[PDB]
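Q:
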Amino acid sequence: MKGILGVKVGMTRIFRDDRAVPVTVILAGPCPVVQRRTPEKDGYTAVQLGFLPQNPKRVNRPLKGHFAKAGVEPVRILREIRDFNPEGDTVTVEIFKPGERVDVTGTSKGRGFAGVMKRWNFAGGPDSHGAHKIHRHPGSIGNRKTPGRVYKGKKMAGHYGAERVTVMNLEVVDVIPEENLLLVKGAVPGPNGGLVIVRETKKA
Amino acid sequence: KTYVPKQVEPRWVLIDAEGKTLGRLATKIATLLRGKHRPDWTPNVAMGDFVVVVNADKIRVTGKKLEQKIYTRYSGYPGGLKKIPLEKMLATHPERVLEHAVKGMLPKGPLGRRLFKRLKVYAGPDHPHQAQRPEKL
Amino acid sequence: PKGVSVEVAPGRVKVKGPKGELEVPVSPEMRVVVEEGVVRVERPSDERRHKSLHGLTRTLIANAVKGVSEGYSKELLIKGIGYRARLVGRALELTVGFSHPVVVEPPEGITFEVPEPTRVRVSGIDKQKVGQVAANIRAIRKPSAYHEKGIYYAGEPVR
RNA sequence: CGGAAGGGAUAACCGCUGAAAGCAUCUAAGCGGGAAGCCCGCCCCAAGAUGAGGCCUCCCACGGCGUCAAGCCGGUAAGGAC
RNA sequence: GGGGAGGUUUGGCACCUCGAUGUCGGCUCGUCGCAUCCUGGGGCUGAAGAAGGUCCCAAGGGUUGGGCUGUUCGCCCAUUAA
RNA sequence: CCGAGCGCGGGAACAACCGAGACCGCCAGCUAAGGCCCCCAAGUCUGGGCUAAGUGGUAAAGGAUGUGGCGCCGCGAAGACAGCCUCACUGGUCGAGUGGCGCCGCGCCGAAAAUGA
Ligand SMILES: [Mg+2]
Ligand SMILES: [Mg+2]
Ligand SMILES: [Mg+2]
Ligand SMILES: [Mg+2]
Ligand SMILES: [Mg+2]
Ligand SMILES: [Mg+2]
Ligand SMILES: [Mg+2]
Ligand SMILES: [Mg+2]
Ligand SMILES: [Mg+2]
Ligand SMILES: [Mg+2]
Ligand SMILES: [Mg+2]
Ligand SMILES: [Mg+2]
Ligand SMILES: [Mg+2]
Ligand SMILES: [Mg+2]
Ligand SMILES: [Mg+2]
Ligand SMILES: [Mg+2]
Ligand SMILES: [Mg+2]
Ligand SMILES: [Mg+2]
Ligand SMILES: [Mg+2]
Ligand SMILES: [Mg+2]
Ligand SMILES: [Mg+2]
Ligand SMILES: [Mg+2]
Ligand SMILES: [Mg+2]
Ligand SMILES: [Mg+2]
Ligand SMILES: [Mg+2]
Ligand SMILES: [Mg+2]
Ligand SMILES: [Mg+2]
Ligand SMILES: [Mg+2]
Ligand SMILES: [Mg+2]
Ligand SMILES: [Mg+2]
Ligand SMILES: [Mg+2]
Ligand SMILES: [Mg+2]
Ligand SMILES: [Mg+2]
Ligand SMILES: [Mg+2]
Ligand SMILES: [Mg+2]
Ligand SMILES: [Mg+2]
Ligand SMILES: [Mg+2]
Ligand SMILES: [Mg+2]
Ligand SMILES: [Mg+2]
Ligand SMILES: [Mg+2]
Ligand SMILES: [Mg+2]
Ligand SMILES: [Mg+2]
Ligand SMILES: [Mg+2]
Ligand SMILES: [Mg+2]
Ligand SMILES: [Mg+2]
Ligand SMILES: [Mg+2]
Ligand SMILES: [Mg+2]
Ligand SMILES: [Mg+2]
Ligand SMILES: [Mg+2]
Ligand SMILES: [Mg+2]
Ligand SMILES: [Mg+2]
Ligand SMILES: [Mg+2]
Ligand SMILES: [Mg+2]
Ligand SMILES: [Mg+2]
Ligand SMILES: [Mg+2]
Ligand SMILES: [Mg+2]
Ligand SMILES: [Mg+2]
Ligand SMILES: [Mg+2]
Ligand SMILES: [Mg+2]
Ligand SMILES: [Mg+2]
Ligand SMILES: [Mg+2]
Ligand SMILES: [Mg+2]
Ligand SMILES: [Mg+2]
Ligand SMILES: [Mg+2]
Ligand SMILES: [Mg+2]
Ligand SMILES: [Mg+2]
Ligand SMILES: [Mg+2]
Ligand SMILES: [Mg+2]
Ligand SMILES: [Mg+2]
Ligand SMILES: [Mg+2]
Ligand SMILES: [Mg+2]
Ligand SMILES: [Mg+2]
Ligand SMILES: [Mg+2]
Ligand SMILES: [Mg+2]
Ligand SMILES: [Mg+2]
Ligand SMILES: [Mg+2]
Ligand SMILES: [Mg+2]
Ligand SMILES: [Mg+2]
Ligand SMILES: [Mg+2]
Ligand SMILES: [Mg+2]
Ligand SMILES: [Mg+2]
Ligand SMILES: [Mg+2]
Ligand SMILES: [Mg+2]
Ligand SMILES: [Mg+2]
Ligand SMILES: [Mg+2]
Ligand SMILES: [Mg+2]
Ligand SMILES: [Mg+2]
Ligand SMILES: [Mg+2]
Ligand SMILES: [Mg+2]
Ligand SMILES: [Mg+2]
Ligand SMILES: [Mg+2]
Ligand SMILES: [Mg+2]
Ligand SMILES: [Mg+2]
Ligand SMILES: [Mg+2]
Ligand SMILES: [Mg+2]
Ligand SMILES: [Mg+2]
Ligand SMILES: [Mg+2]
Ligand SMILES: [Mg+2]
Ligand SMILES: [Mg+2]
Ligand SMILES: [Mg+2]
Ligand SMILES: [Mg+2]
Ligand SMILES: [Mg+2]
Ligand SMILES: [Mg+2]
Ligand SMILES: [Mg+2]
Ligand SMILES: [Mg+2]
Ligand SMILES: [Mg+2]
Ligand SMILES: [Mg+2]
Ligand SMILES: [Mg+2]
Ligand SMILES: [Mg+2]
Ligand SMILES: [Mg+2]
Ligand SMILES: [Mg+2]
Ligand SMILES: [Mg+2]
Ligand SMILES: [Mg+2]
Ligand SMILES: [Mg+2]
Ligand SMILES: [Mg+2]
Ligand SMILES: [Mg+2]
Ligand SMILES: [Mg+2]
Ligand SMILES: [Mg+2]
Ligand SMILES: [Mg+2]
Ligand SMILES: [Mg+2]
């Protein structure tokens, strides 16, 4: 199971032959394998990738040891690509030939406290013809004496977005190892500068 | 005035499960979990032996049961009622089927739970070889 | 029951012969007396349950015997214009109408020949294997009920 | 960009072998196939899973009291908070 | 002609509520039932095929926009896998 | 009988169903109903049957080679019942049982609902 950390840099269209294409750039960056998990003493297989250089300032932590034990430049971020297992060194955009398709996990932008209208796309009241003080309200939330309670998981206004989202099966449109870039079909969650993790898809 | 016992030591026991009829075994297990066999029995203390079970994956059960007979859990959500047959229980974590029997056989109070913890069930054989492994049948 | 290489187990007879070996799961609650040259099946009580199990095992053991000695084999008859049989090394492949020729390999122990693009020598030691794989082929294209097409055994059509 | 593919167990139903019942029978022992449904699979939450899990790395003595045991009080360590 | 199931209709009874349990229709939000409208799997057919008919299995999801009327319903227009 | 015994024991919980009419006290005994595998006091008691449906754990007309028990009526070693195209039947042959009805006990189908069992 391939994989790699990186940042959403932004997006812009290109031209596959004569045909416009929406594309989002991800900075795959160089990822130093910081540690390996294994059934031997982890109960599962997985690779802890590092990402982005961190000056020894806040590294004052015991992280210095976790870093030295693998003898690697102290990184700023590090997540586990599960079931990935490359080779004691580093993974880069080279993992992805253009044409392959990849799932991409990021964190959605944060709507904060969002109304039922935006959160759940409820219909709410009419702008006119009566009521007036319910234009964007949810209306009824139950029945009567039976059940005599609101259902668990009722769609109601709350915090929206700012959560782990994963769009799937995006096409790797292109890859430029020179600048450590990666191009895909654009639709990747989170804000620019947002961290994200690309990986092989499921389809066959 | 009736005798009250003091701080005594728990007698760790070890029961082989395979072959035994589910409910029948659970009953005895429960009794051991409470005192109820020790003549200094005290209803409000927790003084039942630490029962340990092994080979639970091989509990016998009459009739069709396995095929039929189903365990139901209820999530809080609508439709949240899950139903799982005895078959598939053993397929995965099987010590469950014995536990769910002994548990349902313990008193429902705060003490009941204390006791339910003294019951150690394993797919077996083998287990924490701490101290006493007093075979029992 | 000659040529028998039977052997009673805690709960399953085991016949053997020039053709192979087959384990025959028999209910423990039955006397499988192995005579010097003619195995017998004894049943405790005249009860209902036991009758059924008697006659059953009585046959399963005989079925294993005739198997490792003679062996079993079913005969499948192709019909219809385009329809035609054809062997491929050891796996049978046949056209029957679908936009793709059906490729059916033999399960372990099973072995079918094709003496003609209109017959199938499904052959094996176990009666179950045969009877199964037999119908498993006829299934690929059951008999046309309105004509005279598709797979057949050796018994009259439908029409 | 998604509903899947795929694996498993099945419903109606389709069978194999097969008695009770010398025949027959998908069934009573046993075996195969079979649904947008079931269990997985996909995505998300998740160890207050008080049954509070695991792995990697970092820090480590007591300084005066409690004669018993559970503790109390000043400065620290990794590190954390303001 | 005979026996039932259901508790959606029309009724019977007057047991809670008269120091108050707001009544129809619409909207919003739905959730459950299956005796299934569609899609899925099947048996039979007076099933050539295509399409139907009838019964069986099966809630997973789905189940349109308007004209008239307060209407529910119904009729009608244009569609629909429904 | 409740009302006035919504005081006590049983019936899961339940005025009037089963037991029984509470003067007070007791860390004594005996029984009632109902029970004696665990939750929960008391037999996983003894002897003999029946049931394979979770019946039991609460439905009908009606239907069926479910399963035990009982009875009568037809064929047969003068060879009978199945299948060997066969049923009848002789040589065949397993050859000794077989076919029809009726009565009883327990079960089966008939048997679809709305928050989670
Ligand atoms: Mg941009
Ligand atoms: Mg390790
Ligand atoms: Mg680990
Ligand atoms: Mg920081
Ligand atoms: Mg809103
Ligand atoms: Mg939205
Ligand atoms: Mg909106
Ligand atoms: Mg909207
Ligand atoms: Mg108004
Ligand atoms: Mg209200
Ligand atoms: Mg309620
Ligand atoms: Mg939030
Ligand atoms: Mg997501
Ligand atoms: Mg920007
Ligand atoms: Mg930026
Ligand atoms: Mg006991
Ligand atoms: Mg349980
Ligand atoms: Mg208690
Ligand atoms: Mg209670
Ligand atoms: Mg509780
Ligand atoms: Mg045709
Ligand atoms: Mg689309
Ligand atoms: Mg599937
Ligand atoms: Mg497999
Ligand atoms: Mg399979
Ligand atoms: Mg299943
Ligand atoms: Mg199964
Ligand atoms: Mg068959
Ligand atoms: Mg069977
Ligand atoms: Mg029978
Ligand atoms: Mg099977
Ligand atoms: Mg299989
Ligand atoms: Mg199968
Ligand atoms: Mg199918
Ligand atoms: Mg399916
Ligand atoms: Mg499908
Ligand atoms: Mg689909
Ligand atoms: Mg289902
Ligand atoms: Mg966590
Ligand atoms: Mg924790
Ligand atoms: Mg933890
Ligand atoms: Mg240090
Ligand atoms: Mg320390
Ligand atoms: Mg030290
Ligand atoms: Mg030290
Ligand atoms: Mg020191
Ligand atoms: Mg020090
Ligand atoms: Mg001590
Ligand atoms: Mg201070
Ligand atoms: Mg300090
Ligand atoms: Mg230090
Ligand atoms: Mg520090
Ligand atoms: Mg703070
Ligand atoms: Mg701070
Ligand atoms: Mg009439
Ligand atoms: Mg009529
Ligand atoms: Mg009438
Ligand atoms: Mg009603
Ligand atoms: Mg009227
Ligand atoms: Mg009424
Ligand atoms: Mg009244
Ligand atoms: Mg009155
Ligand atoms: Mg009123
Ligand atoms: Mg009020
Ligand atoms: Mg009114
Ligand atoms: Mg009104
Ligand atoms: Mg809606
Ligand atoms: Mg539903
Ligand atoms: Mg429900
Ligand atoms: Mg269909
Ligand atoms: Mg049809
Ligand atoms: Mg017909
Ligand atoms: Mg015609
Ligand atoms: Mg036609
Ligand atoms: Mg619906
Ligand atoms: Mg409309
Ligand atoms: Mg209108
Ligand atoms: Mg009307
Ligand atoms: Mg109407
Ligand atoms: Mg009208
Ligand atoms: Mg009308
Ligand atoms: Mg149409
Ligand atoms: Mg139409
Ligand atoms: Mg259609
Ligand atoms: Mg009185
Ligand atoms: Mg009272
Ligand atoms: Mg009161
Ligand atoms: Mg009571
Ligand atoms: Mg009472
Ligand atoms: Mg009263
Ligand atoms: Mg009373
Ligand atoms: Mg009295
Ligand atoms: Mg007095
Ligand atoms: Mg007195
Ligand atoms: Mg006293
Ligand atoms: Mg007396
Ligand atoms: Mg007396
Ligand atoms: Mg007892
Ligand atoms: Mg209880
Ligand atoms: Mg007891
Ligand atoms: Mg007993
Ligand atoms: Mg007895
Ligand atoms: Mg039943
Ligand atoms: Mg009823
Ligand atoms: Mg009944
Ligand atoms: Mg009735
Ligand atoms: Mg009647
Ligand atoms: Mg009756
Ligand atoms: Mg009846
Ligand atoms: Mg009759
Ligand atoms: Mg039955
Ligand atoms: Mg009888
Ligand atoms: Mg005759
Ligand atoms: Mg004659
Ligand atoms: Mg003869
Ligand atoms: Mg007669
Ligand atoms: Mg009579
Ligand atoms: Mg039923
Ligand atoms: Mg149903
Ligand atoms: Mg129900």
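Protein chains in written order, with UniProt numbering: chain Z, 1 to 204; chain P, 2 to 138; chain A, 12 to 170.
Even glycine gets a Cβ: it sits at the ideal position worked out from N, Cα and C.
#1: So, does the CB of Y78 of chain P fall closer than 8 Å to a CB anywhere in chain Z?
#2: Under 7 Å between beta-carbons, which chain P residues line up against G153 of chain Z? List them in chain order, please.
#3: So which of A:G108, A:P12, A:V115, A:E124 has the shortest CA-CA distance to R69 of chain A?
#4: Following a CB-centred definition, is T146 of chain Z positioned closer than 7 Å to any heavy atom of ligand 11?
#5: Give the secondary structure of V99 of chain A by DSSP, where H, G and I count as helix, E and B as strand, and everything else as coil.
#6: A145 of chain A and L87 of chain A: beta carbons closer than 8 Å?
#7: Kindly indicate which residue of A:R170, A:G82, A:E18 has the alpha-carbon position closest to the one of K140 of chain A.
#8: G93 of chain A lies in the alpha helix (DSSP H); which residues open and close that run?
#9: Can you tell me whether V5 of chain P is buried or exposed, with buried defined as 16 or more other CB within 10 angstroms of its CB?
#10: Suppose the cutoff is 6 Å on Cβ atoms and the five residues either side in sequence are ignored; what does the same chain contact list for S134 of chain A look like?
#11: Does the beta-carbon of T201 of chain Z, which I'm using as the reference point, lie nearer than 7 Å to any heavy atom of ligand 13?
#12: Give the secondary structure of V79 of chain A by DSSP, where H, G and I count as helix, E and B as strand, and everything else as coil.
#13: Locate the alpha helix (DSSP H) running through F117 of chain P, then write down its first and last residues.
#14: Between the Cα of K152 of chain Z and those of P:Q8, P:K2, P:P79, P:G36, spot the shortest distance and give me the residue it belongs to.
#15: Leaving out five residues on either side along the sequence, give the residues of the same chain with a beta carbon under 6 Å from the beta carbon of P74 of chain Z.
#16: Name the two residues that bound the continuous beta strand (DSSP E) containing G10 of chain Z.
#17: Helix, strand or coil: how does DSSP classify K2 of chain P here?
#18: Reducing DSSP to helix, strand and coil, say where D58 of chain P ends up.
#19: I'd like the list of long-range same chain contacts for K154 of chain Z, defined as Cβ closer than 7 Å, with 5 residues on each side in sequence excluded.
#20: For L82 of chain P and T73 of chain P, I'd like the C-alpha separation in whole angstroms.
#21: What are the start and end residues of the alpha helix (DSSP H) that includes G49 of chain P?
#22: For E100 of chain Z and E200 of chain Z, I'd like the C-alpha separation in whole angstroms.
#23: Should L71 of chain A and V35 of chain A be called a contact, given that it needs their Cβ atoms to be closer than 8 Å?
#24: Taking the alpha-carbon positions, what's the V43 of chain A to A47 of chain P distance?
#25: Kindly indicate which three-state DSSP category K85 of chain A falls into: helix, strand or coil?
#26: Taking 8 Å as the threshold, find out whether the stretch 20-36 of chain Z comes into contact with the stretch 183-192 of chain Z through three or more Cβ pairs.
#27: So the beta strand (DSSP E) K83 of chain P belongs to, where does it begin and stop?
#28: State the beta-bridge partners of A114 of chain Z as determined by DSSP.
A: Result, derived from the coordinates:
#1: As a first step, residue 78 of chain P must be located in the second sequence, where it is residue number 77. A Cβ of chain Z is located within less than 8 Å of the beta carbon of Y78 of chain P.
#2: Position 153 of the first sequence holds residue 153 of chain Z. Under the 7 Å cutoff, chain P gives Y78.
#3: Taking the third sequence and counting its residues from 1, one reaches residue 69 of chain A at position 58. Closest by alpha carbon: A:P12.
#4: Looking up residue 146 of chain Z in the first sequence gives position 146. Look at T146 of chain Z: its beta carbon is less than 7 Å from one of the heavy atoms in ligand 11.
#5: Translated into the one-based positions of the third sequence, residue 99 of chain A becomes position 88. Strand at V99 of chain A.
#6: Counted from its first residue, the third sequence places residue 145 of chain A at position 134. Counted from its first residue, the third sequence places residue 87 of chain A at position 76. The answer is yes: Cβ separation under 8 Å.
#7: For the purposes of this step, residue 140 of chain A is identified with residue 129 of the third sequence, where counting begins at 1. Of the listed residues, the one whose Cα sits closest to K140 of chain A is A:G82.
#8: Taking the first residue of the third sequence as 1, we reach residue 93 of chain A at position 82. Unbroken run through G93 of chain A: none, as it is neither H nor E.
#9: Along the second sequence, one-based indexing puts residue 5 of chain P at 4. Counting the other CB atoms within 10 Å of its CB gives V5 of chain P a total below 16, which places it among the exposed residues.
#10: The residue you call residue 134 of chain A lines up with position 123 of the third sequence. Sequence-distant Cβ neighbours of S134 of chain A in its own chain, meaning closer than 6 Å and more than five residues away, are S84, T122.
#11: Reading the first sequence from its first residue, position 201 is the one you call residue 201 of chain Z. Not so, every heavy atom of ligand 13 lies at least 7 Å from the Cβ.
#12: Locating residue 79 of chain A in the third sequence gives position 68, counting from the first residue. Correct three-state label for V79 of chain A: helix.
#13: The residue you call residue 117 of chain P lines up with position 116 of the second sequence. Segment 111-119, the alpha helix (DSSP H) holding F117 of chain P.
#14: For the purposes of this step, residue 152 of chain Z is taken as residue 152 along the first sequence, with counting starting at 1. Nearest of P:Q8, P:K2, P:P79, P:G36 to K152 of chain Z, Cα basis: P:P79.
#15: As a working note, residue 74 of chain Z is residue 74 in the first sequence. Cβ within range, chain order: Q54, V59, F67.
#16: Position 10 of the first sequence holds residue 10 of chain Z. Counting along the chain, the beta strand (DSSP E) containing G10 of chain Z begins and ends at 4-11.
#17: Start at 1 with the first residue of the second sequence, and residue 2 of chain P comes out as number 1. Looking at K2 of chain P - three-state DSSP - the assignment turns out to be coil, as it is neither helix nor strand.
#18: Counting from 1 along the second sequence, the entry for residue 58 of chain P is found at position 57. In this structure, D58 of chain P counts as helix in the three-state DSSP scheme.
#19: What you label residue 154 of chain Z is simply residue 154 of the first sequence in a count that begins at 1. Excluding sequence neighbours, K154 of chain Z sits near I141.
#20: As a first step, residue 82 of chain P must be located in the second sequence, where it is residue number 81. As a first step, residue 73 of chain P must be located in the second sequence, where it is residue number 72. The straight-line gap from Cα to Cα measures roughly 7 Å.
#21: Sequence index remark: in the second sequence, residue 49 of chain P carries index 48 (1-based). According to the DSSP assignment, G49 of chain P belongs to no alpha helix (DSSP H), since it is labelled neither H nor E.
#22: Stepping through the first sequence from its first residue, residue 100 of chain Z is reached at position 100. Stepping through the first sequence from its first residue, residue 200 of chain Z is reached at position 200. Rounded to whole angstroms, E100 of chain Z to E200 of chain Z spans 8 Å at the Cα level.
#23: Within the third sequence, residue 71 of chain A is the residue found at index 60, counting from 1. Within the third sequence, residue 35 of chain A is the residue found at index 24, counting from 1. It is a contact, given that the beta carbons lie within the stated cut-off.
#24: Here the question's residue 43 of chain A lines up with position 32 in the third sequence. Here the question's residue 47 of chain P lines up with position 46 in the second sequence. Rounded to the nearest whole angstrom, the C-alpha separation of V43 of chain A and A47 of chain P is 55 Å.
#25: On the third sequence, residue 85 of chain A is found 74 positions in, with the first residue counted as 1. Strand.
#26: Because the criterion of three Cβ pairs below 8 Å is met, the stretch 20-36 of chain Z and the stretch 183-192 of chain Z touch.
#27: The sequence position of residue 83 of chain P within the second sequence is 82, counting from 1. Secondary structure note for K83 of chain P: its beta strand (DSSP E) is the uninterrupted segment 82-86.
#28: Here the question's residue 114 of chain Z lines up with position 114 in the first sequence. Looking at the DSSP assignment, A114 of chain Z forms a beta bridge with Z:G158.
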